[PDB]
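Student: PDB, C-alpha atoms, file my_file-v9.pdb:
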ATOM      1  CA  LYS Z   6     127.391 118.148  82.734
ATOM      2  CA  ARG Z   7     123.630 117.493  82.491
ATOM      3  CA  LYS Z   8     121.624 114.354  81.773
ATOM      4  CA  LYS Z   9     118.956 114.587  79.098
ATOM      5  CA  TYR Z  10     115.566 112.926  79.488
ATOM      6  CA  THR Z  11     112.831 112.469  76.922
ATOM      7  CA  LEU Z  12     109.194 111.558  77.533
ATOM      8  CA  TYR Z  13     105.852 111.580  75.714
ATOM      9  CA  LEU Z  14     102.267 112.583  76.512
ATOM     10  CA  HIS Z  15      99.128 111.372  74.714
ATOM     11  CA  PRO Z  16      96.849 114.376  74.069
ATOM     12  CA  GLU Z  17      93.844 112.080  73.635
ATOM     13  CA  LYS Z  18      93.651 111.108  77.327
ATOM     14  CA  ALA Z  19      92.145 113.718  79.693
ATOM     15  CA  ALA Z  20      95.114 113.935  82.058
ATOM     16  CA  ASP Z  21      97.661 114.219  79.287
ATOM     17  CA  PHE Z  22      95.519 116.772  77.529
ATOM     18  CA  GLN Z  23      95.034 118.721  80.745
ATOM     19  CA  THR Z  24      98.771 118.684  81.465
ATOM     20  CA  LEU Z  25      99.366 120.064  77.990
ATOM     21  CA  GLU Z  26      97.119 123.052  78.747
ATOM     22  CA  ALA Z  27      98.895 123.773  82.021
ATOM     23  CA  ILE Z  28     102.269 123.769  80.285
ATOM     24  CA  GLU Z  29     101.308 126.101  77.443
ATOM     25  CA  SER Z  30     100.240 128.815  79.870
ATOM     26  CA  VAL Z  31     103.844 128.883  81.062
ATOM     27  CA  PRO Z  32     106.217 131.013  78.888
ATOM     28  CA  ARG Z  33     108.693 128.800  77.004
ATOM     29  CA  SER Z  34     111.643 130.547  78.630
ATOM     30  CA  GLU Z  35     110.504 129.327  82.038
ATOM     31  CA  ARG Z  36     109.659 125.769  80.910
ATOM     32  CA  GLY Z  37     112.999 124.007  81.153
ATOM     33  CA  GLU Z  38     113.056 124.751  84.855
ATOM     34  CA  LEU Z  39     109.367 123.841  85.120
ATOM     35  CA  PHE Z  40     109.975 120.448  83.510
ATOM     36  CA  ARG Z  41     112.928 119.684  85.749
ATOM     37  CA  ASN Z  42     110.963 120.444  88.935
ATOM     38  CA  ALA Z  43     107.867 118.585  87.719
ATOM     39  CA  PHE Z  44     109.951 115.552  86.870
ATOM     40  CA  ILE Z  45     111.915 115.564  90.144
ATOM     41  CA  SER Z  46     108.842 115.899  92.357
ATOM     42  CA  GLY Z  47     107.097 113.355  90.173
ATOM     43  CA  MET Z  48     109.928 110.882  90.783
ATOM     44  CA  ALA Z  49     109.962 111.866  94.444
ATOM     45  CA  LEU Z  50     106.360 110.737  94.732
ATOM     46  CA  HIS Z  51     107.406 107.503  92.995
ATOM     47  CA  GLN Z  52     110.060 106.911  95.654
ATOM     48  CA  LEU Z  53     107.387 107.306  98.304
ATOM     49  CA  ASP Z  54     105.396 104.541  96.599
ATOM     50  CA  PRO Z  55     105.533 103.592  92.880
ATOM     51  CA  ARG Z  56     101.734 103.632  92.567
ATOM     52  CA  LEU Z  57     101.478 107.319  93.484
ATOM     53  CA  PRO Z  58     102.598 108.890  90.244
ATOM     54  CA  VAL Z  59     100.288 106.639  88.230
ATOM     55  CA  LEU Z  60      97.475 107.274  90.747
ATOM     56  CA  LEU Z  61      97.755 111.058  90.486
ATOM     57  CA  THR Z  62      97.884 110.758  86.727
ATOM     58  CA  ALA Z  63      94.816 108.531  86.661
ATOM     59  CA  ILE Z  64      92.807 110.810  89.003
ATOM     60  CA  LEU Z  65      93.842 114.129  87.430
ATOM     61  CA  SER Z  66      90.902 116.317  86.477
ATOM     62  CA  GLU Z  67      89.634 119.866  86.744
ATOM     63  CA  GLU Z  68      88.607 118.967  90.292
ATOM     64  CA  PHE Z  69      92.135 118.011  91.305
ATOM     65  CA  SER Z  70      92.894 119.249  94.801
ATOM     66  CA  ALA Z  71      95.401 119.032  97.628
ATOM     67  CA  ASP Z  72      92.851 116.881  99.434
ATOM     68  CA  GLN Z  73      92.805 114.292  96.655
ATOM     69  CA  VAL Z  74      96.587 114.162  96.964
ATOM     70  CA  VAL Z  75      96.500 113.595 100.713
ATOM     71  CA  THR Z  76      93.928 110.845 100.815
ATOM     72  CA  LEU Z  77      95.657 109.293  97.834
ATOM     73  CA  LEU Z  78      98.790 109.663  99.939
ATOM     74  CA  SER Z  79      97.070 107.956 102.862
ATOM     75  CA  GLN Z  80      95.827 104.955 100.861
ATOM     76  CA  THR Z  81      99.225 104.358  99.352
ATOM     77  CA  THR Z  82     101.557 105.254 102.212
ATOM     78  CA  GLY Z  83      99.464 104.781 105.319
ATOM     79  CA  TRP Z  84     100.195 108.417 106.116
ATOM     80  CA  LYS Z  85      98.048 109.733 108.913
ATOM     81  CA  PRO Z  86      97.799 113.194 110.552
ATOM     82  CA  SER Z  87     100.598 113.548 113.107
ATOM     83  CA  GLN Z  88     100.132 117.220 114.015
ATOM     84  CA  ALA Z  89      97.270 119.686 113.931
ATOM     85  CA  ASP Z  90      96.167 123.157 114.973
ATOM     86  CA  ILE Z  91      95.869 123.289 118.762
ATOM     87  CA  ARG Z  92      92.454 124.991 118.567
ATOM     88  CA  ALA Z  93      91.297 121.595 117.332
ATOM     89  CA  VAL Z  94      91.328 120.427 120.950
ATOM     90  CA  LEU Z  95      87.780 119.340 120.140
TER
ATOM     91  CA  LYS I   6      99.367 113.214  68.359
ATOM     92  CA  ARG I   7     101.868 111.730  70.840
ATOM     93  CA  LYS I   8     103.567 114.929  72.067
ATOM     94  CA  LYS I   9     107.219 114.849  73.130
ATOM     95  CA  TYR I  10     109.059 116.649  75.918
ATOM     96  CA  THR I  11     112.761 117.032  76.676
ATOM     97  CA  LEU I  12     114.113 117.876  80.128
ATOM     98  CA  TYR I  13     117.492 118.007  81.898
ATOM     99  CA  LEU I  14     118.672 116.922  85.335
ATOM    100  CA  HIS I  15     121.914 118.071  87.008
ATOM    101  CA  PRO I  16     123.738 115.215  88.798
ATOM    102  CA  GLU I  17     125.883 117.821  90.586
ATOM    103  CA  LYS I  18     122.833 118.587  92.754
ATOM    104  CA  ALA I  19     121.567 116.337  95.553
ATOM    105  CA  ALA I  20     117.963 116.188  94.390
ATOM    106  CA  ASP I  21     118.882 115.534  90.761
ATOM    107  CA  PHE I  22     121.330 112.849  91.822
ATOM    108  CA  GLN I  23     118.837 111.160  94.118
ATOM    109  CA  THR I  24     116.438 111.159  91.145
ATOM    110  CA  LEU I  25     119.028 109.518  88.867
ATOM    111  CA  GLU I  26     119.398 106.619  91.258
ATOM    112  CA  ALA I  27     115.640 106.151  91.390
ATOM    113  CA  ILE I  28     115.516 106.027  87.583
ATOM    114  CA  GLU I  29     118.475 103.628  87.434
ATOM    115  CA  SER I  30     116.767 100.960  89.557
ATOM    116  CA  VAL I  31     113.890 100.836  87.069
ATOM    117  CA  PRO I  32     114.319  98.722  83.886
ATOM    118  CA  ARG I  33     114.730 100.767  80.676
ATOM    119  CA  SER I  34     111.566  99.242  79.200
ATOM    120  CA  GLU I  35     109.396 100.600  82.019
ATOM    121  CA  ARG I  36     111.062 104.038  82.154
ATOM    122  CA  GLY I  37     108.979 105.410  79.314
ATOM    123  CA  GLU I  38     105.748 104.879  81.201
ATOM    124  CA  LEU I  39     107.418 105.901  84.463
ATOM    125  CA  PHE I  40     108.580 109.236  83.008
ATOM    126  CA  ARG I  41     105.102 110.165  81.769
ATOM    127  CA  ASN I  42     103.486 109.471  85.154
ATOM    128  CA  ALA I  43     106.209 111.276  87.077
ATOM    129  CA  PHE I  44     105.895 114.201  84.666
ATOM    130  CA  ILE I  45     102.069 114.430  84.640
ATOM    131  CA  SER I  46     101.777 114.177  88.425
ATOM    132  CA  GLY I  47     104.607 116.687  88.737
ATOM    133  CA  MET I  48     102.621 119.122  86.639
ATOM    134  CA  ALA I  49      99.490 118.169  88.589
ATOM    135  CA  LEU I  50     101.265 119.492  91.676
ATOM    136  CA  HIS I  51     102.177 122.627  89.665
ATOM    137  CA  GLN I  52      98.486 123.311  88.987
ATOM    138  CA  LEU I  53      97.732 123.118  92.700
ATOM    139  CA  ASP I  54     100.311 125.846  93.264
ATOM    140  CA  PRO I  55     103.355 126.593  91.113
ATOM    141  CA  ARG I  56     105.686 126.744  94.140
ATOM    142  CA  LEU I  57     104.956 123.093  95.033
ATOM    143  CA  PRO I  58     107.072 121.299  92.443
ATOM    144  CA  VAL I  59     110.074 123.484  93.249
ATOM    145  CA  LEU I  60     109.490 123.130  97.004
ATOM    146  CA  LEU I  61     109.520 119.325  96.697
ATOM    147  CA  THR I  62     112.574 119.367  94.491
ATOM    148  CA  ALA I  63     114.342 121.653  96.936
ATOM    149  CA  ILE I  64     113.477 119.619 100.059
ATOM    150  CA  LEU I  65     114.221 116.247  98.396
ATOM    151  CA  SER I  66     116.586 114.079 100.464
ATOM    152  CA  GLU I  67     116.841 110.448 101.562
ATOM    153  CA  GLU I  68     114.438 111.351 104.347
ATOM    154  CA  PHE I  69     111.675 112.335 101.949
ATOM    155  CA  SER I  70     108.317 111.315 103.415
ATOM    156  CA  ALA I  71     104.604 111.476 102.776
ATOM    157  CA  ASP I  72     104.581 113.739 105.820
ATOM    158  CA  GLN I  73     106.852 116.275 104.127
ATOM    159  CA  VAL I  74     104.573 116.359 101.096
ATOM    160  CA  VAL I  75     101.487 116.963 103.215
ATOM    161  CA  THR I  76     103.289 119.797 104.983
ATOM    162  CA  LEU I  77     104.501 121.624 101.879
ATOM    163  CA  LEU I  78     100.986 121.006 100.590
ATOM    164  CA  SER I  79      99.304 122.873 103.429
ATOM    165  CA  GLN I  80     101.895 125.635 103.668
ATOM    166  CA  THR I  81     101.188 126.166 100.009
ATOM    167  CA  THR I  82      97.499 125.342  99.575
ATOM    168  CA  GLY I  83      95.866 125.878 102.930
ATOM    169  CA  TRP I  84      95.030 122.198 103.339
ATOM    170  CA  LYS I  85      94.414 121.062 106.911
ATOM    171  CA  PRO I  86      93.102 117.903 108.562
ATOM    172  CA  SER I  87      89.392 117.937 109.414
ATOM    173  CA  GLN I  88      87.339 116.005 111.950
ATOM    174  CA  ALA I  89      89.922 113.414 110.927
ATOM    175  CA  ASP I  90      91.310 114.477 114.294
ATOM    176  CA  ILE I  91      88.679 112.706 116.387
ATOM    177  CA  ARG I  92      90.101 109.611 114.714
ATOM    178  CA  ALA I  93      93.789 110.173 115.432
ATOM    179  CA  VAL I  94      92.717 110.886 119.022
ATOM    180  CA  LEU I  95      92.151 107.126 119.225
TER
END
Could you spell out this file's structure in structure tokens?
Tutor:
Amino acid sequence: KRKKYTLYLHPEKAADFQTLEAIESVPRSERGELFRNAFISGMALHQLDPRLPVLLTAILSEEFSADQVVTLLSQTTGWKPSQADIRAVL
Amino acid sequence: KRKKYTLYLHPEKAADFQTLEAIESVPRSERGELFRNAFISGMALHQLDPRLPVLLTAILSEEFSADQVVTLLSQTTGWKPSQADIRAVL
């Protein structure tokens, strides 16, 4: 068994175009597994809050960073630091 | 140039199954735009660190949380809160 999914990107938009470059630097053999994981985590973000996947898409750029994902995660989810290095005791 | 991508999920697995349900509760009409966003942001995560999209897929459960994403993010990127601690201390 295995469900098949089809989707389309628009190479004119910067995010789409940038995604296309990231994919082509991944050997075809390894892509089916890449797509699955990208799609699952993408949909995971969606389950966290439906705006997230469209937000990450919209913000995507060469400056993309983990930070952008966290603050974006804060704004959408209310997520706030719960733990932190203990050295950071001021 | 509307590029097209084909990917496969595996209902037999928890993560894939949990993803199917998410898709299901989204009207067919909207799924096309939902798939692109989930895909692009999934690949955005890939660009941050290739292990990320497979770490999220792997951890995926009904307890998925922003907090889990931030964690995998730091364990995989080096991201850490900042003076954003002084805040939480309130």
Student: Can you build me a table of chain I residues sitting at most 6 Å from chain Z, with the closest atom pair per residue and its distance in Å to one decimal, using only C-alpha atoms, sorted by chain and residue number, as CSV?
Tutor:
residue,atom,partner,partner_atom,distance
I:7,CA,Z:15,CA,4.8
I:8,CA,Z:14,CA,5.2
I:9,CA,Z:13,CA,4.4
I:10,CA,Z:12,CA,5.3
I:11,CA,Z:11,CA,4.6
I:12,CA,Z:10,CA,5.2
I:13,CA,Z:9,CA,4.7
I:14,CA,Z:8,CA,5.3
I:15,CA,Z:7,CA,4.9
I:40,CA,Z:12,CA,6.0
I:42,CA,Z:58,CA,5.2
I:43,CA,Z:47,CA,3.8
I:44,CA,Z:44,CA,4.8
I:45,CA,Z:62,CA,5.9
I:46,CA,Z:62,CA,5.5
I:47,CA,Z:43,CA,3.9
I:48,CA,Z:43,CA,5.4
I:58,CA,Z:42,CA,5.3
I:59,CA,Z:42,CA,5.4
I:61,CA,Z:46,CA,5.6
I:62,CA,Z:46,CA,5.5
Student: Using CA of residue 76 in chain Z and CA of residue 76 in chain I as the two end points, give the distance in Å to one decimal.
Tutor: 13.6 Å
Student: Just the number, please: Cα RMSD of chain Z on chain I after least-squares superposition over all C-alpha atoms matched in order.
Tutor: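 It is 1.5 Å.
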Student: Tell me, in Å to one decimal, how far CA of residue 18 in chain I is from CA of residue 68 in chain I.
Tutor: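 So the two atoms, CA of residue 18 in chain I and CA of residue 68 in chain I, lie 16.0 Å apart.
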Student: One number please: CA of residue 34 in chain Z to CA of residue 80 in chain I, in Å, one decimal.
Tutor: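 One can read the CA of residue 34 in chain Z to CA of residue 80 in chain I distance as 27.3 Å.
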